[PDB]
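# fold the following for me, if possible:
(7 chains)
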Amino acid sequence: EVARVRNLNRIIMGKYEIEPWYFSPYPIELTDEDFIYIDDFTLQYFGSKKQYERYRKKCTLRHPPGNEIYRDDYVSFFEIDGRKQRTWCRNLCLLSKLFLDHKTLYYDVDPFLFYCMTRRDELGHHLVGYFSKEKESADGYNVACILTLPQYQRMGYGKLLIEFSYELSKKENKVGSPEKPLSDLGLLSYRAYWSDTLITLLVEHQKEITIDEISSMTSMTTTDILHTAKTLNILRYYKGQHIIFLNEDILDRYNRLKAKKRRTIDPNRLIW
Amino acid sequence: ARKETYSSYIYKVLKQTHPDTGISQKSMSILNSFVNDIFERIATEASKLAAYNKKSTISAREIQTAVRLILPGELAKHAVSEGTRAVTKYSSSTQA
Amino acid sequence: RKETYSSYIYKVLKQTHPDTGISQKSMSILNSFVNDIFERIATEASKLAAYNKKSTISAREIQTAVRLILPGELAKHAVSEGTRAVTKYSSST
Amino acid sequence: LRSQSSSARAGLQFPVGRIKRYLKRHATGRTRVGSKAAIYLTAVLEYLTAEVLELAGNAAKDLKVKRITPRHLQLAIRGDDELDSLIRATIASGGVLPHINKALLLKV
Amino acid sequence: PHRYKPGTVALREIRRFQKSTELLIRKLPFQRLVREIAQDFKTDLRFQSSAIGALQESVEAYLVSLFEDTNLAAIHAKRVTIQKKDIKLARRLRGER
Amino acid sequence: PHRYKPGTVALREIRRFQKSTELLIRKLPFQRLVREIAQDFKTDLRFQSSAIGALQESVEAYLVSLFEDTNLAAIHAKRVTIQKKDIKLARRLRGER
Amino acid sequence: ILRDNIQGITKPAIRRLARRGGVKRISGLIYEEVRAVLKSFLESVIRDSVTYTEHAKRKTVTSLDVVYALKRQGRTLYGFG
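Residues are numbered from 1 along each chain as shown, chains lettered A, B, ... in the order given. Next comes the structure:
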């Protein structure tokens, strides 16, 4: 009755209007400002507008500061070392609780090193993907949900962040899961996630291999593989993880591995 | 010239699960041998663990335990779901 | 109930050669096999005398129990002294 | 409309007088509640279904209308979900599942 | 004349048993042999006929279990036939005396 | 420092252990093992010393059975090492699960 | 305290525990599948362990009940209580 009321003013990132999602336990000063003018460089907020130029005369930092792990030809990949980088975890967690319902700042949100994802041009980075985990073995839970800037969705940033998480699952050889209850775009997106890994899981053999192996190279064991077997339309396989078989199907989107699935990342990363 | 049989309830439940098919006599005998020996082993360990708990009367908690410990996990979650659902239904024994 | 067999185990080991001793912990092993093959001959005797639907359990079904599970050689000299001792109860009136 | 407890007071389909009889025929001691025990009707209902639904599964695979025994053994080795419930699964004239191994074929 | 490899009886006979689940062993010689092994312990036994069917598919089931495990125990050791060490290791792993 | 051929020293260590009957795995290792496998699928429950001792007794007896007949399956193939295909053939002859 | 750590990394005890029976020279890579087979066997015995405990309705475990479970899975490690 209190913790889920649309409370703020709105979001106006510079010149770009984005309306919100849900509550967070506000100081009502941000609601009192009609703006959430975030910074295009390092994402800070206050109670005025023409002090958005004290950093524009002061700017020596214009991206998240800690360990940039990777950039491909396309976007940079990142981790926040947020033990004493609670300061970047400040504007991480406030933006999160602008847009992330289920956990709450009843504890304080230190205890993991959070995974971020920007893209520099020559002028510099812009956060184009993010989320966190915890340390290890909570409920499995490799697959953790999305953050993205609210204006370049519906094209494959979630695909790229989950294949990021997939490689770092491969270089940790730990098996997990998605979020348990729900995510809004997250449901049918995760159908697509195991779908395109499923077409890269039934194409490359032409024969039948045992199923813990195809529970292996995408690291999704017997809580995922069943609805791979059944929730693409019906793939009757003589159910059993001793062996099921695979078969010829429509393969039609496999006949379209050309649009929005054209690029990925080679495993070149550092470990923890 | 007098025998208890299982086949009657078997064919009515077969026709209600799936509507339109037929059965056969030796297949009737294989699934009635299946239903009485699955009763046989639930009953034997039901008496066995209502013996070793030092408790005196057979109870629904005891046989929900029994059906958990005999059959594997997929039909464990099934059978406990309709165990609770059946006891919800027959426990609800009202005038209407 | 607190009730064992280990004293009768000890009397048996004495009516062997009395020179040895019951050890400290093998009597639990002895208790566990005497009651488990006790219980399993009880199970099979129960349902084997239940297949002819005869009310009691008695002589014929017990000698067929203690032949129909235990293997050949000890079975047949087992049932030899089985008949021996059951007559030996009736040896007196 | 009717004053008769019509034996499905849960709403199940197996005979409950037979369940009272089978409970008082396993019958170890002397007092055994035959009133609660429809929670074993529900287990023999659940696997009536956990065989007859994959009867309905392989009913299409042979293009029959009459359910029979070799399809019963292919359903008795549907899967590891039900191999283990009937660890020794061999039903009369059941045959076996089709299996060549990957060993013998070498394109010779 | 048409002719194709000795040893390539395999796959056509694979399907040629596999489609049918009729009882493999021929009946009344098998009746004679079970009668003869039974006849030398106790007198005047008969069989009921479906008991013969029962013990017939019992020996069918136990034999198919036997050489299915000797089949893959033979392929365990890069071997193409079954031979006597294969069945002897099966009768090691049987567990029943 | 004179120590001759390896391999028959494997045989005297063979006879060295199987003369003895000491409980061969280490205690608080199995303690933390059985807690951290039990606490997860069903919640926080407590153990007793004799029960946990008996359950690693079960673990020892079962796995020593499986590796001795794994050894027999390995020496089927005329070979003296131990390799994985022996192990999974042993698990499969032993009644898959 | 209750936190998950990995005791699946048990100990390399099999290079003496396979030294209980006539294991010759060993040649390795068995550690992961001996790990898999013993984790399967312990989870098999421990779920019906806790099954009798919830039928015991008290939050300890005990030995007569563990041998009840241990013979009902068939693998009856006989004789301890």
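# show me what contacts the residue nearest to residue E:69 when sequence neighbours are not counted?
Once flanking residues are discounted, residue E:69 sits nearest to residue E:90: 5.4 Å by C-beta to C-beta, 6 or more residues apart in numbering or on different chains. No exception for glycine: its C-beta is placed from N, CA and C like everyone else's. Contact analysis of residue E:90 by C-beta atoms under 8 Å, 6 or more residues apart in numbering or on different chains lists E:66, E:69-70, E:73, F:93.
# can you tell me the helix or strand for residue 5?
Using chain A here. In the assignment (DSSP states H and E), residue A:5 maps to no helix and no strand.
# please name the residues that touch it.
Residue A:5 touches residue A:23, counting by C-beta under 8 Å, 6+ apart.
# what sits up against stretch A:142-162?
Applying C-beta under 8 Å, 6+ apart, the set of residues contacting stretch A:142-162 is A:11, A:16, A:18, A:74-75, A:95-96, A:99-100, A:117, A:126-133, A:165-166, A:169, A:174-179, A:183, A:185-186, A:189-190, A:192-193, A:196, A:219, A:260-261, A:264-265.
# ends of that stretch, what's the gap?
Start and end residues of stretch A:142-162 are separated by 9 Å (C-alpha to C-alpha, to the nearest Å).
# in that stretch, what counts as buried?
A:142-149, A:156-162 (16 or more other C-beta atoms under 10 Å in any protein chain shown).
# just stretch A:163-182 next, same as before
Going by neighbour count (16+ other C-beta under 10 Å), the buried part of stretch A:163-182 is A:163-169, A:175-178.
# is there proximity between that stretch and chain G?
No: judged by C-beta under 8 Å from any C-beta of the partner chain, stretch A:163-182 and chain G are separated, with a smallest distance of 10.2 Å.
# how long is that stretch from one end to the other?
Using C-alpha to C-alpha, one end of stretch A:163-182 lies 20 Å from the other.
# please name the residues that touch the residue in chain B positioned nearest to chain C.
Closest to chain C within chain B is residue B:44: 7.8 Å, counting by C-beta to the nearest C-beta. Contact partners of residue B:44, counting by C-beta under 8 Å, 6+ apart, are C:43, D:26.
# secondary structure element holding residue B:30?
Going by DSSP H and E, residue B:30 is in helix B:25-52.
# tell me the angle of that helix relative to helix C:26-48?
Put simply, helix B:25-52 runs at 140 degrees to helix C:26-48, going by axes from the mean of the first three to the mean of the last three C-alpha atoms, to 10 degrees.
# got the buried residues for helix B:25-52?
Neighbour-count burial for helix B:25-52 [16+ other C-beta under 10 Å]: B:27-28, B:30-31, B:34-35, B:38-39, B:42-50.
# how far off centre is that helix?
Relative to its chain's centre, helix B:25-52 lies at 8 Å (C-alpha atoms, centre = their mean, to the nearest Å).
# also stretch A:257-272?
On the basis of C-alpha atoms, centre = their mean, stretch A:257-272 sits 14 Å off its chain's mean C-alpha point.
# in chain E, which residue sits closest to chain D?
For chain E, C-beta to the nearest C-beta, closest residue to chain D: residue E:21, 2.8 Å.
# what's the burial count for that residue?
Neighbour count of residue E:21, defined by other C-beta atoms under 10 Å in any protein chain shown: 22.
# need the three-state assignment for it.
Secondary structure assignment for residue E:21 (DSSP: H, G, I helix; E, B strand; the rest coil): coil.
# wait, isn't it in contact with residue D:71?
No: judged on C-beta atoms under 8 Å, residue E:21 makes no contact with residue D:71 at a distance of 9.7 Å.
# all strands in the stretch 51-200 of chain A, in order from the N-terminus.
Applying DSSP state E, counting those that start in this stretch to the stretch 51-200 of chain A gives strands spanning A:67-71, A:76-79, A:115-118, A:129-131.
# hmm, who's touching the last one?
What it means is strand A:129-131. So strand A:129-131 is in contact with A:75, A:92, A:114-118, A:144-148, A:157-158, A:160-161, A:164, going by C-beta under 8 Å, 6+ apart.
# good, wrapping up.
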